[PDB]
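Chains as they are written, first to last, in full-length UniProt numbering: chain A, 2 to 167; chain B, 2 to 101; chain C, 2 to 179; chain D, 2 to 233. Heads up: the structure comes next, in structure tokens.
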Amino acid sequence: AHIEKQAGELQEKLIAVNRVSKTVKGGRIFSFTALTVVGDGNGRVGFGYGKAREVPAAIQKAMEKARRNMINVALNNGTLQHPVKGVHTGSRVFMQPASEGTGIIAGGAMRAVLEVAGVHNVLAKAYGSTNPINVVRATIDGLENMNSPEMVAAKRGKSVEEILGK
Amino acid sequence: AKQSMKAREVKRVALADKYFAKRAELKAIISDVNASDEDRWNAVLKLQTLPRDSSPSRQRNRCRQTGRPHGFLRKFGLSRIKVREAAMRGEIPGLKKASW
Amino acid sequence: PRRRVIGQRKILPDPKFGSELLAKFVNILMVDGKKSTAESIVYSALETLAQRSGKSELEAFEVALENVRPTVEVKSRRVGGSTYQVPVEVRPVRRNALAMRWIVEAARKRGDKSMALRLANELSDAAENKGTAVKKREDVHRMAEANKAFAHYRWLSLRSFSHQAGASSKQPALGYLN
Amino acid sequence: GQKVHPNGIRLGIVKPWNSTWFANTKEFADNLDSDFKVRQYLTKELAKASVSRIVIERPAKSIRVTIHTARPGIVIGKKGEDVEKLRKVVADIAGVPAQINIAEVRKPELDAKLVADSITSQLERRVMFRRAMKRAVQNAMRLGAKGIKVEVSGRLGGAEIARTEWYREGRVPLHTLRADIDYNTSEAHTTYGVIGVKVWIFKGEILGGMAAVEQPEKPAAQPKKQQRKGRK
RNA sequence: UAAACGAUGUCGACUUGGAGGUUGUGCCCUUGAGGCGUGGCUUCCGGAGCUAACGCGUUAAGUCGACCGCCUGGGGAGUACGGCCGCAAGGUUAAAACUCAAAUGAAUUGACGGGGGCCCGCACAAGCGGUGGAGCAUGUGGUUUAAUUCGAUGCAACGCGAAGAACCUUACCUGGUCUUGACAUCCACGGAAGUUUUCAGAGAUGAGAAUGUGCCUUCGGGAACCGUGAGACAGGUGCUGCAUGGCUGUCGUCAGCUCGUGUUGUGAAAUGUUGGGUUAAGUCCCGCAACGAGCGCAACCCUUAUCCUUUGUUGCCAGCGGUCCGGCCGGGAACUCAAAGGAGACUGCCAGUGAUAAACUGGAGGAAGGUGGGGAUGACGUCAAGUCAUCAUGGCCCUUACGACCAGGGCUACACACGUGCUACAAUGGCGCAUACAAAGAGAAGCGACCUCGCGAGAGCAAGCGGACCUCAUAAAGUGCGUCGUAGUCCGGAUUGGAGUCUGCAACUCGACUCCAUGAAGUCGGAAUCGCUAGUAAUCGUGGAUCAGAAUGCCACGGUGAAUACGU
């Protein structure tokens, strides 16, 4: 029954909660749906939507789905090495290189999602849909446009990426 | 429901004993068929004026453990609602559900 | 509806007979629930027919029970377009029971001095094709024999069937395509 | 919210009850009120310990109480004075010479009403009731029973409006009519008003209760197979 | 003008194809709008890549190019306003104060189609009978008074909470009468309570007589019943059912619902839990992301049916005795017979049907075949569904009272309508005479043989009883014969005069039963409308729950005991 990935650190970021209705066909039951984010400290594509009778059983379901069919991904230093504009499904987010002298600057549940992602110093404005369910894809799409450091000279910088497989 | 009829019934059993005991068949002895050529006259037809509340004909009981507006059941000392309630919890003995 | 087909049950015999045509005649002659009178009502009727002619006791009974007796019935069905009918062939068991029912309603209002005279005269009257349910048998069979030219919602059913595998003819159907 | 009649219409048809006595005629009413009274007043006196089932019984010339507990000898006291006092009041209420024995039920350390005590505390103190019913069912299924149903109602969590919620697990049939299965209805108040739990617990479908008797009583234990019967 | 469009500006370069429509042309057996070679517009299908979704995908909505057009929330507005063109209405780009927290692209599931199609409950049908019409029983409203108390309003109210209603009951209304109070504990005073007995007043309540002064003890003093009084406190059909707990009705025997968990989508959420075939069934063959398990359902269960089996009375009697030929009793065990172990029958077999198949129907022996007959038996749960009035209960009000003692009046009035059921309108029945067999159960303040009384019901006394012992009980319809013709009769027997009875001082309105004479409504009832598959339906009596007193009902029993189930 599946392989799972782990981090040596705890994430229990509950982002949303909902309830399921059929309203006449068996009427309406007490069930909830839930969305929970499991990072790594440097990032994961870990996002899980699950559902059950009660809120606790529901979140723990959703926390399980945030670590199966998912793998961890990694980025050196608290910044991102590319000024790129991550888009995922109308929720569009921005990054530009920065200092360590600034840490996070963000609010709500977003400051908690960016800390595990490693893209919190580079944190620039979000636009399009910025309600909780889709705003939180920073650590997914913003780590699939990824750049990360491996060179010793800027003029060997494109040469060094070519010889990584040649 | 409602305590005043339950209050009436509780007073009544000591008042049955006091008024009615000495005046049970006395109606019959002094007036009706037992008064065969004896009694039937005014000088004895004043003797029964105390019992009226004490009479078995006002001894309606209702639910012996709470009170209830009609629908009493004499074999349990209980009622419709209160029987079902006691049966849910298995407090009543010998109790089948009908199947034959 | 109905999850399954369900047939008739066993019916018990009566203390004066072992023949079925007699036991089924006393049964739908039963009213107030009391068959033990109806036993006599059947046998007292049959003796009066038998005095009218002595060849049999069954003379007028057997052809009345053919002649007032249907063969086909018509239901009315429509869920769109225009109004239609669907004829069905029915079981002997119900053909017979309409006929016996109609004989015992007609005879009990016939108003003669014995239930024995009333039934022998009402079977004598329908046997010769001039009693009271000859009209009812003739009208009901005419309507079922006639509405065989129609089918449930014909106008959309004629395209609907040939698209979903079916015939190009004109046929009656049980509340579906044709 | 139809709430099918959860146990009353299910008894005496190989399903034991919390009374076993014989009465008939017009005095059945005088024996039942007396049996309610002794049920109410006796368990209040042995309330020092928790208690799992109650059985009061009236055979020829005696009154016999069976009681079931999570540990034995505990309602019986020390010395023997404590239990002679339990027999004093059983005679006083029923009006017959008294007996009591101590016995335990199948799966003793678990019972219907001790789950509802556990769920009630959080609600009484107006804090931590959103995982409490679920943790109650988890503990309950770790201590025994083949299935449990819990339904909680109240002005729950101290709310200014009412809520129904429930929690069901394992195998708890509802048309069942064989083996005793243990039921409690709590009722209690706190500052905001009334709370309540309906606790059905299910031990076994042939485990626990009586079984159907496997013989007639007519051939057995009879040292002389006649009185006369014409054979002498 | 416009939905005036590769819906996608103009035109072009580049990016896995295959095929449709249909066409230049090379090649083919020209082998059917075809294939291959190489172009064509034009369309299906889907990969790299793209979208919020539909969808796009070599004709892009991909990768892009140059260069131009246009948008900055909605409504109000494609209008106003300005420039211009137009016989002439008009057209054209294109706005705000004001109003307002939205408006708007897409999609899930419920419901829903009157778009297409599929399924089920005695829900119809196939019938049969019943309410609705008469009259009565009983509840509802209308309407009425001091008041004729509510709760409930198709299916989800009306023989139901609130099953036995003179007062009591009991909410309602009026009259007396008191406030620790009918009831518990705690203090104070008078009477013991209990019983017998005269009387006043309405009865509450009190006075007097006669019997008794018990109970515990500091004989201080109190409990018990009753009166008196004070607090704490008892009590509250006290309000609020969007403040609640407990509890239950509905869909429906729908044939599905849910618990844990994975997966597909960004997700809401689905999937399973949906299809076909089959079923009481998540039962069973086939099968897709559903897997594992529970619920409904199946089961254990009590009961019946023959039949085995044991007991042998308060049960039975083939032969036998006492003998009027009755198990009453000497006696007998073949036998039912009662309550219980159960046996037997499993859709298991065979055949048809059915997609192979679950399973349905037929077939047969047998007491009995459709998961043998009967009953148990009903999911999660919306419905602000209904009870604060069994009962629990806060917020929160009275506590000389939204408590409590006592009498009388009323729901059950009567105008009618309405729910339900009862028994008639016939003759399958009624009558007259003669004639037959039950099952089950209720009786410890009770009923009850005999008794004397009684038109009958019943009456008071009492052996007796514990109900297979004794009694309700003559069980009736049915059966035998004769009789009756749609005439309110040969059906029905309401009203009313008048007598006799029950629980109780006390039966007048509000109560129940017996019986004598006369005698009406009612000809199978319209709109409406339901229950039922076989011990049912119909119909007749019986007992019981209830139960102070009494039934037309209900509940269960036994007599006599039906049509049919094609079809949706």
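A virtual CB, placed ideally from N, CA and C, is assigned to each residue, including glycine.
Check: Identified DSSP bridge partners for residue 154 of chain D; Outcome: D:197
Check: Span of the beta strand (DSSP E), counted from its first residue to its last, around residue 49 of chain A; Outcome: 48–53
Check: Of the residues D:80, D:233 and D:87, the one placed nearest residue 100 of chain D, counting alpha carbons only; Outcome: D:87
Check: Minimum C-alpha distance to residue 147 of chain D - residue among D:58, D:127, D:207 and D:203; Outcome: D:203
Check: For residue 92 of chain A: DSSP bridge partner residues; Outcome: A:89 and A:129
Check: Members of the UniProt domain "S5 DRBM" (11–74) of chain A that neighbour chain D once the beta carbon cut-off is set at 8 Å; Outcome: 31, 54, 55, 56, 57 and 58
Check: Candidates D:136, D:5, D:106 and D:33, of which the one nearest residue 20 of chain D by Cα; Outcome: D:33
Check: Three-way DSSP call (helix, strand, coil) for residue 54 of chain B in this model; Outcome: coil
Check: Counterpart residues of residue 42 of chain B in DSSP-defined beta bridges; Outcome: Its beta-bridge partners do not exist; DSSP assigns none.
Check: Host beta strand (DSSP E) of residue 88 of chain C (start-end); Outcome: 85–90
Check: Min CB distance residue 317 of chain D to chain A below 7 Å; Outcome: Coverage of chain D is limited to positions 2 through 233, which leaves residue 317 of chain D absent and any answer about it impossible.
Check: Spatially closest choice to residue 99 of chain B from D:15, D:151, D:180 and D:173, by CA coordinates; Outcome: D:15
Check: Residue-chain proximity (residue 21 of chain D, chain B), Cβ-Cβ < 7 Å; Outcome: yes
Check: Neighbour-count burial assignment, residue 35 of chain C, 16 or more Cβ in a 10 Å radius; Outcome: exposed
Check: Helix, strand or coil at residue 134 of chain A [DSSP, three-state]; Outcome: helix
Check: Among A:154, A:91, A:150 and A:160, nearest to residue 130 of chain A - alpha-carbon criterion; Outcome: A:91
Check: Residue 51 of chain A versus A:20, A:101 and A:149, residue with shortest Cα-Cα distance; Outcome: A:20
Check: CB contact below 7 Å: residue 10 of chain B versus chain D; Outcome: no
Check: Rounded straight-line distance, which links the Cα of residue 86 of chain C to that of residue 25 of chain C; Outcome: 33 Å
Check: Beta-carbon gap between residue 178 of chain C and residue 158 of chain C smaller than 7 Å; Outcome: yes
Check: Closest by C-alpha distance to residue 17 of chain D, when choosing among D:208, D:103, D:228 and D:93; Outcome: D:208
Check: Start and end residues, beta strand (DSSP E) containing residue 56 of chain D; Outcome: 54–59
Check: Minimum Cβ-Cβ distance from residue 172 of chain D to chain A less than 7 Å; Outcome: no
Check: Nearest candidate by alpha-carbon position, reference residue 149 of chain A, set A:3, A:55 and A:98; Outcome: A:98
Check: Residue 49 of chain A and residue 63 of chain A closer than 7 Å at C-beta; Outcome: yes
Check: For residue 173 of chain D and residue 164 of chain C, the rounded distance between their alpha carbons; Outcome: 51 Å
Check: Whole-angstrom distance between residue 109 of chain D and residue 44 of chain A, CA atom to CA atom; Outcome: 51 Å
Check: Minimum Cβ-Cβ distance from residue 164 of chain D to chain A less than 7 Å; Outcome: no
Check: Inter-residue CB distance, residue 68 of chain D and residue 52 of chain D (contact presumed, cutoff 8 Å); Outcome: 7 Å
Check: Euclidean distance between Cα positions of residue 68 of chain C and residue 178 of chain D; Outcome: 58 Å
Check: Residue 6 of chain B burial status per 10 Å Cβ neighbour count (16 or more: buried); Outcome: exposed
Check: Neighbour flag for residue 159 of chain D against chain B, beta carbons, 7 Å; Outcome: no
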